[PDB]
Amino acid sequence: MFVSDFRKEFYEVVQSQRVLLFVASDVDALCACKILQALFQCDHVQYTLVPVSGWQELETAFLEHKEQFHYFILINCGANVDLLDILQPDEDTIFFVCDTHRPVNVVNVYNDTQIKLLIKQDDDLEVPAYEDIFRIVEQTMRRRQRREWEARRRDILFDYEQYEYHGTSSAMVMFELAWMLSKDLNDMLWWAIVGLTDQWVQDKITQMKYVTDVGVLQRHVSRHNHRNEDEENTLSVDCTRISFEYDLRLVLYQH
Amino acid sequence: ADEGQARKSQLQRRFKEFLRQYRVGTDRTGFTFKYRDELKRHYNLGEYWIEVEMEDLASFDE
């Protein structure tokens, strides 16, 4: 399914439980974890952090922990494939996915019990409608039409799952969540900025989308750091300050 | 000539506020006054020398 609001559908369910966090290995996912951590250590929510690196290790990890816990969270892993089969879970287990990969697999979208998605649907998504891809002579006369339906399905799949790309970074969804609760700080803003900058560094998003997201984040940066308008002389020098720069493209030139 | 000592009495005052104020370490862990402590710990031992570092002096007052 698609989570409509993150407060009352994702957070305030796992708020009183013992969750298990699977984490991929990329700067985007690291910065998307380090905010969720700080959002759990603030409300005394027992979590557990398992660093995975592939599908074999994710399966091995799900093998051992799949009876103690019955909540799960996957971060930048498992939104472009099908989930209810590679893991083969039980019925009363819940999965949250907060991945960037695209496009989201089909069944993961029409499965509104076990695989919830924290993906803001206002991204570049165009998921096919429901029945377009999911289920005497008159018998054959109509089962030929169902065969036509299957033939259309074999094509619309090839239409939809042919190009892979990436949406808004995880460390920005998590930051939207952490701002809703009114528990955002600078330290949770720097990790948002880094988790965004990393995609543009590794060249997985378009310059248009990058500048749009920078335009978003600058309002937050100014909301936090502008409150020190003229008191920048009586603020402690040992306290982080984030600033917007129009700066060179040379790599690491300051060191 | 008369501006000479008037500059100096304003440099010997900005070189003094550097030793007296420069700290290290972050805010999460905790700080450390780097050159007062070495001045004291080298004076009480009877050594009389500090080792100022130019990067610090640059980063305090350019």
# chains A, B, ... in the order shown; residues from 1 in each chain; ligands from 1
call {"tool": "residues_around", "arguments": {"residues": "residue A:188", "least_positions_apart": "3", "cutoff": "9 Å", "atoms": "only C-alpha atoms", "output": "PyMOL selection string"}}
result
chain A and resi 34-35+38+175+178+184-185+191-193
call {"tool": "write_last_selection", "arguments": {"atoms": "N, CA and C atoms", "output": "tab-separated table (two decimals), in the first residue's frame"}}
result
chain	number	residue	atom	x	y	z
A	34	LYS	N	20.72	7.14	10.34
A	34	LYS	CA	21.14	7.99	11.45
A	34	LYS	C	20.08	9.00	11.88
A	35	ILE	N	19.04	9.21	11.09
A	35	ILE	CA	17.93	10.03	11.56
A	35	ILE	C	16.89	9.18	12.25
A	38	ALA	N	18.11	8.48	15.77
A	38	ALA	CA	17.87	9.61	16.66
A	38	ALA	C	16.40	9.86	16.91
A	175	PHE	N	13.32	12.94	7.03
A	175	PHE	CA	13.38	14.28	7.61
A	175	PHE	C	12.01	14.94	7.60
A	178	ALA	N	10.51	13.56	10.68
A	178	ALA	CA	11.09	14.14	11.88
A	178	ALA	C	10.74	15.60	12.06
A	184	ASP	N	12.86	18.02	15.05
A	184	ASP	CA	13.98	18.15	14.14
A	184	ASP	C	15.03	19.07	14.74
A	185	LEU	N	16.29	18.82	14.40
A	185	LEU	CA	17.38	19.67	14.83
A	185	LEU	C	18.32	19.89	13.66
A	191	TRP	N	22.21	15.62	8.04
A	191	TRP	CA	22.14	14.29	7.46
A	191	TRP	C	21.18	14.25	6.29
A	192	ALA	N	20.14	15.08	6.31
A	192	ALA	CA	19.29	15.20	5.13
A	192	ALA	C	20.07	15.76	3.96
A	193	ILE	N	20.81	16.84	4.19
A	193	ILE	CA	21.57	17.46	3.12
A	193	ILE	C	22.61	16.50	2.56
call {"tool": "interface_residues", "arguments": {"of": "chain B", "to": "chain A", "cutoff": "12 Å", "atoms": "only C-alpha atoms", "output": "ChimeraX atom specification"}}
result
/B:21-31,60
call {"tool": "atom_distance", "arguments": {"atom1": "atom CA of residue A:93", "atom2": "atom CA of residue A:109"}}
result
16.9 Å
call {"tool": "residues_around", "arguments": {"residues": "residue A:76", "least_positions_apart": "6", "cutoff": "10 Å", "atoms": "only C-alpha atoms", "output": "ChimeraX atom specification"}}
result
/A:22-26,28-30,32,97-101,169-170
call {"tool": "write_last_selection", "arguments": {"atoms": "C-alpha atoms", "output": "compact mmCIF listing (two decimals), in the first residue's frame"}}
result
# COMPACT_ATOMS: atom_id res chain seq x y z
CA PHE A 22 17.73 -3.76 7.84
CA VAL A 23 20.19 -1.34 6.27
CA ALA A 24 21.80 -1.39 2.84
CA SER A 25 25.34 -0.05 2.32
CA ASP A 26 25.38 3.37 0.68
CA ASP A 28 22.13 7.58 1.27
CA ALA A 29 21.02 4.68 3.48
CA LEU A 30 23.51 5.51 6.23
CA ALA A 32 18.62 7.68 6.28
CA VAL A 97 9.80 -0.11 2.83
CA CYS A 98 11.50 3.27 2.45
CA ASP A 99 13.51 2.65 -0.70
CA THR A 100 14.44 4.92 -3.59
CA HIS A 101 14.77 2.31 -6.33
CA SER A 169 16.28 10.20 -1.22
CA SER A 170 15.30 8.34 1.92
call {"tool": "residues_around", "arguments": {"residues": "residue B:36", "least_positions_apart": "3", "cutoff": "9 Å", "atoms": "only C-alpha atoms", "output": "list in words"}}
result
residues 19, 20, 21, 22, 33, 39, 40 and 41 of chain B
call {"tool": "write_last_selection", "arguments": {"atoms": "C-alpha atoms", "output": "short mmCIF file (atom, residue, chain, number, x, y, z; two decimals), in the first residue's frame"}}
result
data_model
loop_
_atom_site.label_atom_id
_atom_site.label_comp_id
_atom_site.auth_asym_id
_atom_site.auth_seq_id
_atom_site.Cartn_x
_atom_site.Cartn_y
_atom_site.Cartn_z
CA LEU B 19 46.49 31.75 23.87
CA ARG B 20 43.82 32.64 26.40
CA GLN B 21 40.80 31.51 24.36
CA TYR B 22 41.65 28.86 21.78
CA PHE B 33 41.92 24.78 26.54
CA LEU B 39 51.73 26.81 29.56
CA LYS B 40 50.86 25.80 33.10
CA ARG B 41 52.04 22.20 32.80
#
call {"tool": "residues_around", "arguments": {"residues": "residue B:57", "least_positions_apart": "3", "cutoff": "12 Å", "atoms": "only C-alpha atoms", "output": "VMD selection string"}}
result
chain B and resid 14 to 19 21 to 23 35 51 to 54 60 to 62
call {"tool": "select_by_dssp", "arguments": {"residues": "stretch 25-221 of chain A", "states": "alpha helix (DSSP H)", "output": "PyMOL selection string"}}
result
chain A and resi 27-40+56-65+137-160+170-180+187-201+207-221
call {"tool": "atom_distance", "arguments": {"atom1": "atom CA of residue A:228", "atom2": "atom CA of residue B:34"}}
result
28.5 Å
call {"tool": "select_by_dssp", "arguments": {"residues": "stretch 4-178 of chain A", "states": "strand (DSSP E or B)", "output": "list in words"}}
result
residues 18, 21, 22, 23, 46, 49, 50, 51, 71, 72, 73, 74, 75, 94, 95, 96, 97, 101, 102, 115, 116, 117, 165 and 166 of chain A
call {"tool": "atom_distance", "arguments": {"atom1": "atom CA of residue A:21", "atom2": "atom CA of residue A:6"}}
result
17.0 Å
call {"tool": "closest_residue", "arguments": {"among": "A:112, A:91, A:243, A:56", "to": "residue A:190", "atoms": "only C-alpha atoms"}}
result
A:243
call {"tool": "decode", "arguments": {"residues": "stretch 22-96 of chain A", "atoms": "C-alpha atoms", "output": "CSV table (one decimal), in the first residue's frame"}}
result
chain,number,residue,atom,x,y,z
A,22,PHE,CA,17.7,-3.8,7.8
A,23,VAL,CA,20.2,-1.3,6.3
A,24,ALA,CA,21.8,-1.4,2.8
A,25,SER,CA,25.3,-0.1,2.3
A,26,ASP,CA,25.4,3.4,0.7
A,27,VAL,CA,25.8,6.9,2.0
A,28,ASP,CA,22.1,7.6,1.3
A,29,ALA,CA,21.0,4.7,3.5
A,30,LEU,CA,23.5,5.5,6.2
A,31,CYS,CA,22.2,9.0,6.4
A,32,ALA,CA,18.6,7.7,6.3
A,33,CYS,CA,19.3,5.5,9.3
A,34,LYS,CA,21.1,8.0,11.5
A,35,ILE,CA,17.9,10.0,11.6
A,36,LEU,CA,15.7,7.1,12.4
A,37,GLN,CA,18.0,6.1,15.2
A,38,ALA,CA,17.9,9.6,16.7
A,39,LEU,CA,14.1,9.4,16.4
A,40,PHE,CA,14.0,6.2,18.3
A,41,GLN,CA,16.5,7.1,21.0
A,42,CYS,CA,14.3,10.0,21.8
A,43,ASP,CA,11.1,8.0,22.6
A,44,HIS,CA,12.7,4.9,24.1
A,45,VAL,CA,11.9,2.5,21.3
A,46,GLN,CA,14.0,-0.7,21.3
A,47,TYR,CA,15.3,-1.3,17.8
A,48,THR,CA,18.1,-3.4,16.3
A,49,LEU,CA,20.3,-2.6,13.4
A,50,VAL,CA,21.4,-5.3,11.0
A,51,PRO,CA,23.7,-4.2,8.2
A,52,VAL,CA,23.1,-6.2,5.0
A,53,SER,CA,24.9,-6.1,1.7
A,54,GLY,CA,23.0,-8.3,-0.8
A,55,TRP,CA,20.0,-10.5,-1.2
A,56,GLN,CA,21.8,-13.6,0.2
A,57,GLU,CA,22.8,-11.8,3.3
A,58,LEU,CA,19.3,-10.2,3.7
A,59,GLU,CA,17.8,-13.7,3.4
A,60,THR,CA,20.3,-15.1,5.9
A,61,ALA,CA,19.4,-12.3,8.3
A,62,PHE,CA,15.7,-12.8,7.9
A,63,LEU,CA,16.2,-16.5,8.6
A,64,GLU,CA,17.4,-16.0,12.2
A,65,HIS,CA,15.3,-13.1,13.5
A,66,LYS,CA,12.0,-14.1,12.0
A,67,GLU,CA,10.3,-15.4,15.1
A,68,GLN,CA,11.2,-13.0,17.9
A,69,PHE,CA,10.2,-9.8,16.1
A,70,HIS,CA,7.1,-9.3,14.0
A,71,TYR,CA,7.9,-5.8,12.8
A,72,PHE,CA,10.4,-4.9,10.1
A,73,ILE,CA,11.9,-1.9,8.3
A,74,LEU,CA,13.9,-2.1,5.1
A,75,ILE,CA,15.9,0.9,4.1
A,76,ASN,CA,17.0,1.3,0.4
A,77,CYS,CA,16.4,-2.4,-0.3
A,78,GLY,CA,13.5,-4.4,-1.6
A,79,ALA,CA,11.2,-2.1,-3.5
A,80,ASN,CA,12.1,-3.1,-7.1
A,81,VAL,CA,11.5,-6.8,-6.6
A,82,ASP,CA,8.7,-8.9,-5.0
A,83,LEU,CA,9.0,-9.4,-1.2
A,84,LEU,CA,6.4,-11.9,0.0
A,85,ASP,CA,8.3,-14.7,-1.8
A,86,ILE,CA,12.0,-14.1,-1.5
A,87,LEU,CA,11.6,-14.0,2.3
A,88,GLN,CA,8.4,-16.2,2.5
A,89,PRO,CA,7.2,-14.6,5.8
A,90,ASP,CA,4.2,-15.4,8.0
A,91,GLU,CA,0.9,-13.5,8.0
A,92,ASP,CA,1.1,-11.3,11.1
A,93,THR,CA,4.5,-9.8,10.1
A,94,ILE,CA,4.5,-6.3,8.8
A,95,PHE,CA,7.1,-4.8,6.4
A,96,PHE,CA,7.8,-1.1,5.9
